[PDB]
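K.L.:
To be precise about what I am sending: the file is called input29.tsv and holds TSV, C-alpha atoms.
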```tsv
chain	number	residue	atom	x	y	z
D	1	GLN	CA	-14.77	3.29	18.21
D	2	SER	CA	-14.81	-0.48	17.77
D	3	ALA	CA	-11.72	-2.44	18.74
D	4	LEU	CA	-10.91	-3.43	15.13
D	5	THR	CA	-10.47	-0.82	12.40
D	6	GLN	CA	-11.99	-1.32	8.95
D	7	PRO	CA	-12.41	1.20	6.12
D	8	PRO	CA	-15.99	2.48	5.98
D	9	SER	CA	-16.41	1.60	2.29
D	10	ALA	CA	-14.84	-0.07	-0.72
D	11	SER	CA	-15.88	-0.29	-4.37
D	12	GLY	CA	-15.19	-2.26	-7.52
D	13	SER	CA	-16.54	-3.17	-10.91
D	14	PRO	CA	-17.63	-6.74	-11.72
D	15	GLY	CA	-14.65	-9.02	-12.31
D	16	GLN	CA	-12.22	-6.80	-10.38
D	17	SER	CA	-10.57	-7.58	-7.03
D	18	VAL	CA	-11.06	-5.56	-3.84
D	19	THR	CA	-9.23	-5.90	-0.53
D	20	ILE	CA	-10.70	-4.88	2.83
D	21	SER	CA	-8.34	-4.38	5.76
D	22	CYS	CA	-8.94	-5.02	9.45
D	23	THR	CA	-6.39	-3.57	11.85
D	24	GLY	CA	-6.25	-4.65	15.48
D	25	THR	CA	-3.54	-5.04	18.13
D	26	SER	CA	-1.08	-7.68	19.30
D	27	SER	CA	-3.76	-8.55	21.90
D	28	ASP	CA	-6.26	-9.74	19.26
D	29	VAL	CA	-5.70	-9.77	15.46
D	30	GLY	CA	-1.92	-10.07	15.75
D	31	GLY	CA	-1.65	-12.34	18.77
D	32	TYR	CA	-3.92	-15.17	17.60
D	33	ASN	CA	-5.11	-16.70	14.32
D	34	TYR	CA	-8.83	-16.58	15.16
D	35	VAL	CA	-9.74	-13.84	12.70
D	36	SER	CA	-13.08	-14.25	10.95
D	37	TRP	CA	-14.89	-12.42	8.15
D	38	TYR	CA	-18.68	-12.26	7.84
D	39	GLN	CA	-20.78	-11.03	4.92
D	40	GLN	CA	-24.05	-9.24	5.78
D	41	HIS	CA	-26.62	-8.17	3.31
D	42	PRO	CA	-28.51	-5.41	5.16
D	43	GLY	CA	-31.58	-6.73	6.95
D	44	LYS	CA	-30.27	-10.30	6.81
D	45	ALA	CA	-28.10	-12.36	9.12
D	46	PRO	CA	-24.30	-12.24	8.82
D	47	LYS	CA	-22.84	-15.17	6.89
D	48	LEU	CA	-19.43	-16.64	7.69
D	49	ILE	CA	-17.01	-16.19	4.79
D	50	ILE	CA	-13.53	-16.67	6.23
D	51	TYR	CA	-12.37	-18.16	9.51
D	52	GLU	CA	-8.97	-18.66	11.14
D	53	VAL	CA	-7.49	-15.93	8.91
D	54	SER	CA	-7.55	-17.92	5.66
D	55	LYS	CA	-9.96	-20.90	5.87
D	56	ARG	CA	-13.16	-20.92	3.85
D	57	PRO	CA	-16.33	-22.73	4.94
D	58	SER	CA	-17.70	-25.25	2.47
D	59	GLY	CA	-19.95	-23.57	-0.06
D	60	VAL	CA	-18.00	-20.29	-0.05
D	61	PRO	CA	-16.41	-19.78	-3.49
D	62	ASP	CA	-12.62	-19.57	-3.81
D	63	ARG	CA	-12.93	-15.94	-5.01
D	64	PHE	CA	-13.00	-15.02	-1.31
D	65	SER	CA	-9.61	-15.26	0.39
D	66	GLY	CA	-7.99	-14.07	3.60
D	67	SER	CA	-4.51	-13.19	4.80
D	68	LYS	CA	-2.80	-11.37	7.63
D	69	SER	CA	0.34	-9.31	8.13
D	70	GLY	CA	1.39	-8.14	11.57
D	71	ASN	CA	-1.62	-6.63	13.32
D	72	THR	CA	-3.66	-6.26	10.09
D	73	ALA	CA	-5.89	-8.91	8.52
D	74	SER	CA	-7.23	-8.65	4.96
D	75	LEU	CA	-10.19	-10.10	3.06
D	76	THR	CA	-9.89	-10.17	-0.73
D	77	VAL	CA	-12.86	-10.64	-3.06
D	78	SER	CA	-11.75	-11.38	-6.62
D	79	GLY	CA	-13.93	-11.81	-9.68
D	80	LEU	CA	-16.38	-9.37	-8.11
D	81	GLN	CA	-20.07	-10.13	-8.69
D	82	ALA	CA	-23.11	-7.95	-8.01
D	83	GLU	CA	-24.24	-10.18	-5.17
D	84	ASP	CA	-20.99	-9.48	-3.29
D	85	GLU	CA	-22.31	-5.97	-2.57
D	86	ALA	CA	-22.83	-6.03	1.19
D	87	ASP	CA	-21.35	-5.09	4.57
D	88	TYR	CA	-18.26	-7.04	5.60
D	89	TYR	CA	-17.24	-7.40	9.25
D	90	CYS	CA	-14.04	-8.80	10.69
D	91	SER	CA	-13.84	-10.32	14.17
D	92	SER	CA	-11.12	-11.61	16.44
D	93	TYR	CA	-10.53	-13.45	19.66
D	94	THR	CA	-8.78	-11.34	22.29
D	95	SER	CA	-6.33	-12.11	25.07
D	96	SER	CA	-9.17	-11.28	27.49
D	97	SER	CA	-11.19	-14.29	26.23
D	98	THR	CA	-13.65	-12.05	24.40
D	99	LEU	CA	-14.60	-11.55	20.76
D	100	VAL	CA	-14.38	-8.13	19.13
D	101	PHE	CA	-15.77	-6.95	15.79
D	102	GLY	CA	-14.61	-4.42	13.28
D	103	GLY	CA	-16.80	-1.46	12.45
D	104	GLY	CA	-17.72	-2.91	9.08
D	105	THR	CA	-17.02	-1.98	5.46
D	106	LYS	CA	-19.70	-1.28	2.87
D	107	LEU	CA	-18.66	-2.99	-0.37
D	108	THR	CA	-20.32	-1.55	-3.49
D	109	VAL	CA	-20.17	-3.29	-6.86
D	110	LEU	CA	-20.45	-0.78	-9.71
U	1	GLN	CA	-28.60	-28.77	7.97
U	2	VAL	CA	-27.65	-26.38	10.80
U	3	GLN	CA	-30.24	-23.78	11.64
U	4	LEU	CA	-31.04	-21.11	14.33
U	5	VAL	CA	-34.58	-19.81	14.35
U	6	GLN	CA	-35.30	-16.75	16.50
U	7	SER	CA	-38.58	-15.45	17.87
U	8	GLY	CA	-40.42	-12.50	16.32
U	9	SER	CA	-40.13	-8.71	16.43
U	10	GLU	CA	-40.88	-7.03	19.76
U	11	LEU	CA	-42.26	-3.60	20.67
U	12	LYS	CA	-41.77	-2.55	24.31
U	13	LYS	CA	-42.01	0.51	26.54
U	14	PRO	CA	-39.08	1.76	28.63
U	15	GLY	CA	-38.75	-0.19	31.87
U	16	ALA	CA	-40.32	-3.35	30.47
U	17	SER	CA	-38.54	-6.67	30.00
U	18	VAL	CA	-38.26	-8.81	26.90
U	19	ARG	CA	-37.41	-12.43	26.22
U	20	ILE	CA	-35.97	-13.56	22.94
U	21	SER	CA	-35.56	-17.26	21.95
U	22	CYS	CA	-33.10	-19.00	19.65
U	23	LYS	CA	-34.07	-22.55	18.70
U	24	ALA	CA	-31.24	-24.72	17.35
U	25	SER	CA	-31.62	-27.62	14.93
U	26	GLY	CA	-29.21	-29.57	12.77
U	27	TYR	CA	-26.68	-30.48	15.51
U	28	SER	CA	-26.45	-31.34	19.20
U	29	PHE	CA	-27.52	-28.09	20.89
U	30	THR	CA	-25.49	-29.02	23.96
U	31	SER	CA	-22.26	-29.71	22.01
U	32	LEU	CA	-21.50	-26.06	21.10
U	33	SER	CA	-21.59	-22.67	22.81
U	34	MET	CA	-24.26	-20.10	22.01
U	35	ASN	CA	-23.23	-16.44	21.61
U	36	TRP	CA	-25.28	-13.26	21.53
U	37	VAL	CA	-24.60	-10.27	19.26
U	38	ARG	CA	-26.32	-6.86	19.14
U	39	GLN	CA	-26.60	-4.52	16.14
U	40	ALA	CA	-28.21	-1.14	16.78
U	41	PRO	CA	-29.81	0.35	13.63
U	42	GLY	CA	-27.11	1.44	11.20
U	43	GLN	CA	-24.29	0.35	13.52
U	44	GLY	CA	-21.86	-2.56	13.61
U	45	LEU	CA	-21.91	-5.94	15.33
U	46	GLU	CA	-21.24	-6.01	19.09
U	47	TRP	CA	-20.53	-9.22	21.00
U	48	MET	CA	-22.78	-9.49	24.08
U	49	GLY	CA	-21.24	-12.68	25.53
U	50	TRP	CA	-21.89	-16.41	25.45
U	51	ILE	CA	-23.60	-19.23	27.34
U	52	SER	CA	-22.16	-22.71	27.83
U	53	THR	CA	-24.75	-25.25	26.76
U	54	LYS	CA	-22.58	-27.84	28.55
U	55	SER	CA	-23.19	-26.44	32.04
U	56	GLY	CA	-25.59	-23.50	31.63
U	57	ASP	CA	-22.94	-21.02	32.89
U	58	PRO	CA	-23.38	-17.58	31.20
U	59	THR	CA	-20.45	-15.17	30.51
U	60	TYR	CA	-21.37	-11.54	29.77
U	61	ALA	CA	-19.36	-8.95	27.89
U	62	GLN	CA	-18.28	-5.94	29.95
U	63	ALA	CA	-20.78	-3.64	28.20
U	64	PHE	CA	-23.68	-6.10	28.72
U	65	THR	CA	-23.40	-6.71	32.47
U	66	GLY	CA	-26.41	-5.96	34.66
U	67	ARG	CA	-29.65	-5.95	32.66
U	68	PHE	CA	-29.02	-8.90	30.32
U	69	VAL	CA	-29.64	-12.56	31.19
U	70	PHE	CA	-28.63	-15.58	29.09
U	71	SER	CA	-30.56	-18.79	29.83
U	72	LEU	CA	-31.26	-22.23	28.33
U	73	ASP	CA	-33.89	-24.89	27.87
U	74	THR	CA	-31.83	-27.71	26.42
U	75	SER	CA	-34.90	-29.97	26.31
U	76	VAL	CA	-36.30	-27.87	23.43
U	77	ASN	CA	-32.77	-26.98	22.17
U	78	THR	CA	-33.46	-23.30	22.85
U	79	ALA	CA	-31.28	-20.48	24.20
U	80	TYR	CA	-32.90	-17.32	25.58
U	81	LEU	CA	-31.80	-13.72	26.04
U	82	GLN	CA	-33.80	-11.50	28.38
U	83	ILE	CA	-33.29	-7.74	28.56
U	84	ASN	CA	-34.53	-6.03	31.73
U	85	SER	CA	-35.21	-2.32	32.38
U	86	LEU	CA	-35.50	-1.62	28.67
U	87	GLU	CA	-34.37	1.81	27.52
U	88	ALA	CA	-34.38	3.64	24.19
U	89	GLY	CA	-30.77	2.62	23.49
U	90	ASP	CA	-31.83	-1.05	23.46
U	91	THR	CA	-33.65	-0.68	20.13
U	92	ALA	CA	-31.64	-3.03	17.93
U	93	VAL	CA	-31.47	-6.38	16.17
U	94	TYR	CA	-30.27	-9.22	18.39
U	95	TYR	CA	-28.67	-12.32	16.88
U	96	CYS	CA	-27.80	-15.66	18.38
U	97	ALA	CA	-24.73	-17.22	16.83
U	98	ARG	CA	-23.29	-20.70	17.29
U	99	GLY	CA	-19.67	-21.14	18.33
U	100	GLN	CA	-17.91	-23.10	15.60
U	101	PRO	CA	-15.89	-26.06	16.93
U	102	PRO	CA	-13.45	-26.59	18.42
U	103	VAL	CA	-12.95	-23.36	20.45
U	104	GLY	CA	-16.00	-21.33	19.37
U	105	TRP	CA	-14.41	-17.98	18.52
U	106	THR	CA	-15.82	-18.24	14.99
U	107	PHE	CA	-19.58	-17.99	14.47
U	108	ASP	CA	-20.43	-20.42	11.68
U	109	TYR	CA	-24.23	-20.20	11.89
U	110	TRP	CA	-26.33	-17.20	12.95
U	111	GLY	CA	-29.99	-16.83	13.86
U	112	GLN	CA	-32.03	-14.58	11.58
U	113	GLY	CA	-32.16	-11.87	14.23
U	114	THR	CA	-34.91	-10.37	16.37
U	115	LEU	CA	-35.74	-6.68	16.21
U	116	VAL	CA	-36.54	-5.03	19.54
U	117	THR	CA	-38.03	-1.55	19.36
U	118	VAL	CA	-38.22	0.41	22.60
U	119	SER	CA	-40.70	3.27	22.20
```
Write the structure described by the file as structure tokens, please.
P.N.:
Amino acid sequence: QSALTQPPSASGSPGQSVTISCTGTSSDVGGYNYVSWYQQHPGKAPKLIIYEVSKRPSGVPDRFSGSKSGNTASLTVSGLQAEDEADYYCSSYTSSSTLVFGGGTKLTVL
Amino acid sequence: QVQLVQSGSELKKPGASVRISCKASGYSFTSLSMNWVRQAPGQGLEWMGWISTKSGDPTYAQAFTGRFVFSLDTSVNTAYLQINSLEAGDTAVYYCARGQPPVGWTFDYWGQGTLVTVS
């Protein structure tokens, strides 16, 4: 019932690539380029992974990438490692000057 | 190095109040907004609103209007969140999160979170 729609889960084996989608509306994800992705290991603080759709903060490996098409943003994790197993949340600015989150996606590394 | 240190776990009864602190180091506290995010156990992140460290003006999310108060003590680089009339549904982890420059709609650093359990 969150404003942004994410798949509940995703899975991959080490070395593979997985894509997580984040679908909003023209009022948020589609109307602006302030889409962020955060990685959360349960019981720890979220960590910023992608900002402004495709930018990576310093210290985040280039295996993590971001893109957007229409009202859907996407985070891709290539060269999957065991420590990538975590919950991933997207977020977006909205035309109402608020920030909304996606419901989160559990990423499991086999 | 940028860091947000939050105060410890809290255990409260319904009707009580609680004050959580978020101490900022590694930058000018007053140069960037401070945001508040709730995560009930097992649930997703919810944006509670933000406070301008420039003026002290707080802006609450629609769902967090009424019982929640954002405040500041810039002299100890600390932002506070107080929850009044605590109820069972308030049991959650509360994070402070810094607004990344220049417009602050990205949260680049997060506090470690404070668990509040309402019995």
K.L.:
What lies within 6 Å of residue 81 (chain U) using only C-alpha atoms, ignoring chain neighbours under 6 positions off, as a ChimeraX atom specification?
P.N.:
/U:19-20,69-70
K.L.:
Do me a favour and pick out the residues of chain U within 10 Å of chain D, using only C-alpha atoms, as number ranges by chain.
P.N.:
U: 35, 41-50, 59-62, 93, 95-97, 100, 103-113
K.L.:
Now that the selection is made, can you save its residues with C-alpha atoms as a short mmCIF file (atom, residue, chain, number, x, y, z; two decimals), keeping the file's coordinate frame?
P.N.:
```cif
data_model
loop_
_atom_site.label_atom_id
_atom_site.label_comp_id
_atom_site.auth_asym_id
_atom_site.auth_seq_id
_atom_site.Cartn_x
_atom_site.Cartn_y
_atom_site.Cartn_z
CA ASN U 35 -23.23 -16.44 21.61
CA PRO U 41 -29.81 0.35 13.63
CA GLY U 42 -27.11 1.44 11.20
CA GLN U 43 -24.29 0.35 13.52
CA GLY U 44 -21.86 -2.56 13.61
CA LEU U 45 -21.91 -5.94 15.33
CA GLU U 46 -21.24 -6.01 19.09
CA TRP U 47 -20.53 -9.22 21.00
CA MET U 48 -22.78 -9.49 24.08
CA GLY U 49 -21.24 -12.68 25.53
CA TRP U 50 -21.89 -16.41 25.45
CA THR U 59 -20.45 -15.17 30.51
CA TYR U 60 -21.37 -11.54 29.77
CA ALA U 61 -19.36 -8.95 27.89
CA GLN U 62 -18.28 -5.94 29.95
CA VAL U 93 -31.47 -6.38 16.17
CA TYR U 95 -28.67 -12.32 16.88
CA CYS U 96 -27.80 -15.66 18.38
CA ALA U 97 -24.73 -17.22 16.83
CA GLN U 100 -17.91 -23.10 15.60
CA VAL U 103 -12.95 -23.36 20.45
CA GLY U 104 -16.00 -21.33 19.37
CA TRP U 105 -14.41 -17.98 18.52
CA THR U 106 -15.82 -18.24 14.99
CA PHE U 107 -19.58 -17.99 14.47
CA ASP U 108 -20.43 -20.42 11.68
CA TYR U 109 -24.23 -20.20 11.89
CA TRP U 110 -26.33 -17.20 12.95
CA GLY U 111 -29.99 -16.83 13.86
CA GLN U 112 -32.03 -14.58 11.58
CA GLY U 113 -32.16 -11.87 14.23
#
```
K.L.:
Using all atoms listed in the file, which of the listed residues (U:26, U:56, U:66, U:8) sits closest to residue 98 (chain U)?
P.N.:
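Checking each of U:26, U:56, U:66, U:8 against residue 98 (chain U), counting all atoms listed in the file, the winner is U:26.
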K.L.:
For residue 7 (chain U), which of U:32, U:86, U:51, U:22 is the closest residue, counting all atoms listed in the file?
P.N.:
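Closest to residue 7 (chain U) of all the choices is U:22.
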K.L.:
For residue 101 (chain U), which residue out of U:18, U:34, U:40, U:88 is the nearest one, using only C-alpha atoms?
P.N.:
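Nearest candidate to residue 101 (chain U) out of U:18, U:34, U:40, U:88: U:34.
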K.L.:
Enclose the full set of atoms of region 97-116 of chain U listed in the file within a box whose edges lie along x, y and z, apply 4 Å of padding to each of the six sides, and report centre and edge lengths in Å to one decimal as JSON.
P.N.:
```
{"center_x": -24.7, "center_y": -15.8, "center_z": 16.0, "size_x": 31.6, "size_y": 29.6, "size_z": 16.9}
```
K.L.:
Pick from U:17, U:117, U:9, U:30: nearest to residue 89 (chain U), with all atoms listed in the file counted?
P.N.:
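Between U:17, U:117, U:9, U:30, the residue approaching residue 89 (chain U) most closely is U:117.
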K.L.:
To one decimal place in Å, what is the distance between CA of residue 67 (chain U) and CA of residue 84 (chain U)?
P.N.:
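Interatomic distance here is 5.0 Å.
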K.L.:
Rounded to one decimal, what separation in Å do you get between CA of residue 25 (chain D) and CA of residue 61 (chain D)?
P.N.:
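Separation of CA of residue 25 (chain D) and CA of residue 61 (chain D): 29.2 Å.
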